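Just below is one structure, and these are the notes that go with it.
These values consider heavy atoms only, across backbone and side chains, with no hydrogens, waters or symmetry-generated copies. Proteins get letters first, then strands, A, B, ... in listed order; numbering begins at 1 in each. Indexing begins at 1, ligand by ligand and atom by atom, following the structure's order.
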Amino acid sequence: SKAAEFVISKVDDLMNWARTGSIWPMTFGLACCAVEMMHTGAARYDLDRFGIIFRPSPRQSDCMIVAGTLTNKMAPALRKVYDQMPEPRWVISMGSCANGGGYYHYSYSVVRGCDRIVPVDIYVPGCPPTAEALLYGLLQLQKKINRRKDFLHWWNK
Amino acid sequence: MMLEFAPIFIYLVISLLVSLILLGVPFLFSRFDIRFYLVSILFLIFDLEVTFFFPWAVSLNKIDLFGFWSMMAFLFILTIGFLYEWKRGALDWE
Amino acid sequence: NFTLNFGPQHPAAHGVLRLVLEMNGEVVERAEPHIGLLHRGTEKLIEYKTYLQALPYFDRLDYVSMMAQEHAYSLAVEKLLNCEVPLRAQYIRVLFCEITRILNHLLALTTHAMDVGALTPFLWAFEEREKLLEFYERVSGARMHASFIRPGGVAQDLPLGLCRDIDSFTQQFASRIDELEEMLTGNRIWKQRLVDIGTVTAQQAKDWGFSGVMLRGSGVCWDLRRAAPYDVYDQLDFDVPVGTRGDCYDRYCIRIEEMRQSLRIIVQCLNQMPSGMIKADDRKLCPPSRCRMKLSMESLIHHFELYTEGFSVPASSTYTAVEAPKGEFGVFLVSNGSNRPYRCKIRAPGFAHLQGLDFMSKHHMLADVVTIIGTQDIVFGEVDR
Amino acid sequence: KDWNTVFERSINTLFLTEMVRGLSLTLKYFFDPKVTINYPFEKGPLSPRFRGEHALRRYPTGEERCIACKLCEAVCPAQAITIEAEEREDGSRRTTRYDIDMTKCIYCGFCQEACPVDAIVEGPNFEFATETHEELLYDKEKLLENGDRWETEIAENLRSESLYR
Amino acid sequence: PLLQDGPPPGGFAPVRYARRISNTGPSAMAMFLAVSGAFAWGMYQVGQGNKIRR
Amino acid sequence: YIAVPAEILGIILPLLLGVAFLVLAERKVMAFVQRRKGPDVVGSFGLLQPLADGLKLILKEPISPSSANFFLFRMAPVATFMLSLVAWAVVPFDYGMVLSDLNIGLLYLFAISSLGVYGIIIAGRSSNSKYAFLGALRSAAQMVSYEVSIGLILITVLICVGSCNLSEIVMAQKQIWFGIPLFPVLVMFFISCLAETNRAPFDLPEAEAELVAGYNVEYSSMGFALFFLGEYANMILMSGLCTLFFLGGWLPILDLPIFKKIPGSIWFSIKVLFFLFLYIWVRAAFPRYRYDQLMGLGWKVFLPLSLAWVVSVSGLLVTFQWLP
Amino acid sequence: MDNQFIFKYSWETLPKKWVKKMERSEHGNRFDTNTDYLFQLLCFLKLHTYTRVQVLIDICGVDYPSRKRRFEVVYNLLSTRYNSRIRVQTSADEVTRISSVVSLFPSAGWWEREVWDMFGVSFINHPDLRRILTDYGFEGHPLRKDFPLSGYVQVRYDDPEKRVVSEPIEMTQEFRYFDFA
Amino acid sequence: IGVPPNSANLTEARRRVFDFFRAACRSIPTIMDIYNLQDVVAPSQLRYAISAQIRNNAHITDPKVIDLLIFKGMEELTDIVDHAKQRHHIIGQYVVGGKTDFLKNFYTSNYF
Amino acid sequence: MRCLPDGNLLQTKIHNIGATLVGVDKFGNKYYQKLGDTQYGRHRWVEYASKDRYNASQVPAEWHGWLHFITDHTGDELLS
Amino acid sequence: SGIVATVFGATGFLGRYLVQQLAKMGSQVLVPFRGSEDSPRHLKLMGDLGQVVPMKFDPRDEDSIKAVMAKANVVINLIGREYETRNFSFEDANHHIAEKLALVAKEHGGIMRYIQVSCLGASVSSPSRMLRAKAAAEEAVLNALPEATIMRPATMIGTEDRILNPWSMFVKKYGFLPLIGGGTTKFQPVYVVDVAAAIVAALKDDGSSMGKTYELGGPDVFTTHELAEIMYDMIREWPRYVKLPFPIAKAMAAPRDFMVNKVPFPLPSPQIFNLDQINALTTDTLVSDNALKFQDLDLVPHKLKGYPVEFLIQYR
Ligand SMILES: NC(=O)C1=CN([C@@H]2O[C@H](COP(=O)(O)OP(=O)(O)OC[C@H]3O[C@@H](n4cnc5c(N)ncnc54)[C@H](OP(=O)(O)O)[C@@H]3O)[C@@H](O)[C@H]2O)C=CC1
Ligand code: SF4
Ligand code: SF4
Ligand code: SF4
């Protein structure tokens, strides 16, 4: 297996290159964090230049950015949309509200962090995080995706 | 000669193969709206009009004035029908 | 009649907008909005905060018009305390209120345009928004939730050179509006999407509690900056644009003209800006300077009290309203003599405006619903609180 | 009204003239320079007042600045700060626990304003996204690490901002 | 200290806020005549090309 | 016939590369209009962005929802993609550069355009979504509505040429390009192509923010990719048709030896590129009509004017005996 | 049309049994009415030539647990015709229904729904009276003083049931009340 | 449609109680299909649950308290039908489908 | 060779043409400025030492303020 | 509770229900996973912040095994496979790992409770190779740890089960459901949540579970035909039972078993036609009257009808 491992590593690297260079997030803009994310997709920061294209349907989406406060009323709608994303999928939590409840943590109507509803891959801190802070968080998502060995793990299974 | 249609058939076969390859590789790793019927009716009428224009357009050089005016009468009948459509609100989707 | 359920869980239309529409074909018969998807219990939470700790909550109500709600809360507290605000703070507060109005109108006009298929103006406008957000950050250190306007004045003085940078922005912004207008105003597609859509009569606007552009579109000359002026608005020149048809097209033109008049106010504020203190000097609600707190016993005691207990507000109740970018923003504040508000009711213009969607969208097409929502300029942070 | 002005609008409608200007002005920015920042090689501008990642500071001798007054804890609008304290072996009033929930925090800067000894500050760092919720529960040692890393920039901003506060 | 951010002596330069006009565009008749003449001359050219093709 | 599949692949594969790079070109042009950069990180100047996006879609898991029409759901993107591909078998790029020299090529192209509607309608009903179905119905109605004007414009060109052979249609423009005497007809044709391709200002399937769900909302992975590739291949084809019928195809601008030096394939490619630029420039310039407004335009403006131009051109040609 | 005129004019022209209390102050003119006269008083203010109170700005409740009628319903109103504001208030308890003014001001519809949701005050003749802000199936009226800040239940996703479910609250760090009095 | 005035007397209030009982209990077959309770509980067991809630308040004599209870009952019913939050063994507030009580509590915890 | 797959790095190399080297930090990151006026006179950038696996967090504190235009002092002057 | 549990094989079907119930008790749960970091992702939602910790490990490496066990006082083993891969045989996945885990648990010394989850029918004289290897692991873990506890659940029914889901998928694709033994084999399927509850109860007892083996079956005994009837009324589809005697059932299940250890690439997993499970269908598998049932654990199983078969709604 001195030659299979080299080939497998190249296959996984090719798959990771495709997945990092083509991330199509579906925006879950619940509150003020959505406006900073709007700016990240604008001319100054141009998320399109990184290959990021925003999708309206979870069916064409690879990532979900939860940007804003999640209420108990909205929580089931968030879970349903996440369940319609096809694999592989990632979730980014943006802002204090989505991270752990933020300013509204002790409220009777607010979910104390979106990670109680969906698994979260990256937490972006701030209230709101700056547009550049979101861009850094997306680059951290690329770093985690670059650690995947999906072909190798499937080959040894 | 129909000889130029064989490459089209081979082209269709190859395009189908490419489509099947592309679509198969990932498997490895109670309300009736009458206006749609109406738009279908109008499309059918004008599609037949385009059909009768093709022989006429390629044949204008030999039918001369008679064929021109016979087509004009055909269009006149169909345009009376179209005006009836217009006035009855079939062309308005509001 | 079938029911079309439309919830865009993405900021194409507000992110948490949820509409149940009863349709006869493609014509809307009834539009029922379902809200509370962003209800966060702000009014309950405020009762557990000191008057200072409650201030950041107002930034997050209409999160496109942050400093405007800061201003309304500070004015209400100042009203109950009978606190004199120095003149320099008044000019700064008005200056950033008008900057906030442009920031709001730029987002409201181009997100609406983007929803009806005009994608370029949003990019051109958000670049101008970035220049204005830079002024937010230079005075407060925060791009959006500045918490800069406070009872008795403003948190800090302007950094050196900021006024010159603001003036540079004003020298070119009229061309930016001109470009926005040329992409939209004369275009026959834009007119066909907006003209005679969502017509509101003056009586209907009054009946449904409409305010701001929603009320002035219907020909009613009503602007709180002139009807009930505050800060230095009575010393400034600006015109109040009014509509003649009450349709989505009028309200589009009014927001463009309001941006031009906002530019006019900023220029006057820049030239009339006087020197002096930017905090009120009553040593009861104003934090002392870092140097005196570390040198004078009386200042250290005052600093200890203000950041632990806060200031008390004598028992009373009043309603205070300002001309926010989206309309009349009001606060009904009840005090019981303690350092925490007993009751803080927030009057959001979008609450009244979104309630008017049913009569505004009657007998229109499905594609006009988004246009009418865009002309109402809804942000659900203030609707739901 | 008049055959000329009737002809004027008929031609303007048929020939789509007003859509010509829309095309013309859309093309002018095409050949112009772009405003996009080449992140992460290039960064957006920020001010010395920027409210970012929290940090605990020390005196130049190495002693902590914080004296466990708990003013920052009392003023924090999000209740993101938890403090425990007792007298140190040398008699000093020092914290034994200083926690900031970065997921409750609203980055308001009120804690920095309340601190009487300039111990807690919001630094200029804004790039600290994490893969776990746990890493955003900052403890005292993490905050003092942040202050050690960012001390030279923080001290410079404090000198520049001292003339305003 | 005693130095605060504000206007320069004399104030800043005046700025325009009103919309600026722009008179760019041909005339109803000019573009009509162009289209009509192009049509007439071009269809004559079509006839000539059809004769040579024959 | 053993060499025919080589020619077929030499047509198809560069067409797929061209589509993949048309999507990149549209993103780059819209961005440059908007003072931004567009894809520029994945490869030098973003040139590897199409490869990454296609490879991403290939690796994405296919959902294939729990519908009762699983075969039709998957066959719908294959139908529209095959139809988009097969139109290029009769397109000439230069004198003798064409796979099938069909004598009925014009009517064959009309037939392909008429067939295109089925992928969209089948996607809507097979997707088990009321929102996808009503969007597919609207899109299908718009396409058939603008097919009438496209056909009438084709008849006008046919009267000028008197033959359904595309190469003969090009060679009939040696004396003068048809776009000069038929400029309004060319404008109408370009707008009818925009509406027929579901392109801005007529892009109902992109009007999700308008509460108007597209026909392909329930599609993921390569079914969605096939729909997208079909639409962009159709955009390239419509640019080619605008070039062939009105801009002289592979012919040079002036019949001079200086122009005759560069190959006619380069002329044809340049003209196609100019129309592909217009498709993007228009997408970047204007907002979109409502469905009722564009349907009104199709039946009340473009059909009457197309019929009028057929009558006028035929009458003038038979009057002065200038017929082919 | 200043606050002095309205106070003096209203005393002369209004029916005496309608108003129990009248306050003139810089914090706002304020009429305190009985529950059974609230509707008629607001109709008078809206229709009368010398008042023309055409805009209902908002309706809000206030909780006073020490009072036998704990709730106070506050009506904030505006006259654009005369550029003046007026406040009308009335008291209520947890079981007394009060008249709805939707027929007078259509904007009252949602505000009365919010008062019911937040406080539990019901409104006679309200066309569609249901909760508007809280989650579906909510128990309690959160703006009441006795209602706990964090409420009674919280939500989370439960994998075995494959859904979001509601459970009684369990806080990692309880809300710390700081008594600075 | 609209919210009615408060019931004048106990005859009016009890009449309103029966209309609510009829309306709430008539919706059991809708509730059975919504929560898929066919193999979980019989319709009669949920009918007896509603009746039991009404009987547990049979001692109320103030008609205004009865009116408020019915209004809250209609709202509870509407949320169960219109916006169902399906758990397994509950609908809304109601569970569906040799030592005294001191030792059991004592073994559990010190807080009773 | 990194220019071919990494277009982000290529943009920096193109824009580095004609720039002035300001300083180098302890990690080897190189700091450049242009002294023009194209994005409102903001012409400061960093060429990271690692041509692959570069990260925004690799900029030390002494150069962070210069890079974000917070201060006009370079990293060298702050360290002195 | 102060229980720190290292649950091996928790990224499978039973794992998610076991981790949820262990999280409810307050226990800290360590989740070893051997492949992608995505496999344990759904488990991070369970439990409060930091209570569930996935940890990469290697089955064929003892340094990694003791790394994930080094902080635990409870070890639960759910590792096993009903089919054969070219890299892991039935003895490799069902016996070698289980015996290896106990020896490292013995080397640890701090393991108060050890539970090995086997299968009902795990016997030496079993036609199926997998059950034979399970019984070997039954004896091996008992010999390595006589204080350990064993569970023997029957076919588990749940959302992610491999009996009702493969049949329903097979029906919606071919229109008919095969019966391998004429629909005559008897067995008593058990709700998966009940199996998870039993493991929790054994961890929660005063120590009476240690050293004992529990046969956990459903409340009622079906035949395969009768179970196939439940889903038909659930998936609201017309019943089309096509019989299939055992010879030909072993015919179409022969290839994958034949060519698993010869080809150098992976193969799709068998659903209905798994030669090993087909062999186990020859004889009825039931809870013995002399063993320890759900009673003596003070738990009552759920009936299959209703909630345990609610996941079949998605197939209508
Ligand atoms: N019907 C049933 O499901 C019944 C099952 N049982 C037994 O109970 C146990 C748990 O059942 P269930 O959860 O359904 O099983 P699954 O097959 O669904 O899950 C098995 C688990 O073990 C892991 N695993 C499997 N093979 C290996 C290997 N070779 N090396 C390392 N890890 C491995 C898997 O990890 P990964 O996902 O990474 O492969 C997974 O976490 C098994 O031993 C099973 O045989 C008992 C009776 C009936
Ligand atoms: S984290 Fe802050 S900015 Fe973001 S949504 Fe919450 S309150 Fe608004
Ligand atoms: S920034 Fe504000 S919310 Fe965050 S710790 Fe400091 S005071 Fe508390
Ligand atoms: S950080 Fe400052 S305010 Fe907070 S406890 Fe320490 S000294 Fe007091």
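- Annotation: atom 23 (C) of ligand 1 to nearest protein heavy atom, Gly9(J) CA, 4.0 Å.
- Of the protein's non-hydrogen atoms, the one nearest atom 19 (O) of ligand 1 is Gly12(J) CA, 3.5 Å.
- Counting heavy atoms under 4.0 Å from ligand 1, residue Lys157(A) touches it through the side chain alone.
- Residue contacts with ligand 1 leave out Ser39(J), since none of its heavy atoms falls under 4.0 Å from the ligand.
- Distances shorter than 4.0 angstrom do not occur between any heavy atom of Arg152(J) and any atom of ligand 1.
- Annotation: atom 5 (C) of ligand 1 to nearest protein heavy atom, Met156(J) CE, 3.8 Å.
- Heavy-atom proximity to atom 3 (O) of ligand 1, evaluated over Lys134(J), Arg162(J), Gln116(J), is greatest for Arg162(J).
- Regarding atom 8 (O) of ligand 1, its nearest protein heavy-atom neighbour is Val117(J) CG1, 3.8 Å.
- The shortest contact between atom 7 (S) of ligand 4 and any protein heavy atom is with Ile67(D) N, 3.5 Å.
- Here the heavy atom of the protein found nearest to atom 45 (O) of ligand 1 is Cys119(J) SG, 3.6 Å.
- From the protein, the heavy atom lying nearest to atom 2 (Fe) of ligand 4 is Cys115(D) SG, 2.3 Å.
- Only side-chain heavy atoms of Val117(D) come within less than 4.0 Å of ligand 4; its backbone N, CA, C and O stay farther off.
- Of all protein heavy atoms, the one closest to atom 41 (O) of ligand 1 is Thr11(J) OG1, 3.0 Å.
- The proximity of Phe88(J) to ligand 1, defined as any non-hydrogen pair under 4.0 Å, is limited to the side chain.
- By heavy-atom distance, the residue among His145(C), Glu36(A), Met66(C) lying nearest atom 3 (S) of ligand 2 is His145(C).
- Using a 4.0 Å heavy-atom cutoff, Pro59(J) is listed among the residues neighbouring ligand 1.
- Residue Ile97(J) approaches ligand 1 through these ligand atoms, each under 4.0 Å from one of its heavy atoms: 28 (C), 29 (N), 30 (N).
- Counting only heavy atoms of the protein, atom 4 (Fe) of ligand 2 lies nearest to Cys33(A) SG, 2.2 Å.
- With atom 1 (S) of ligand 2 as the reference point, the heavy atom nearest to it among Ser96(A), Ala67(A), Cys105(D), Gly100(A) is part of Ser96(A).
- Of all protein heavy atoms, the one lying nearest to atom 6 (Fe) of ligand 4 is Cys66(D) SG, 2.3 Å.
- Among the atoms of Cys72(D), none of the N, O or S atoms falls under 2.8 Å from atom 6 (Fe) of ligand 4.
- Between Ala68(D) and ligand 4 there is a heavy-atom distance shorter than 4.0 Å.
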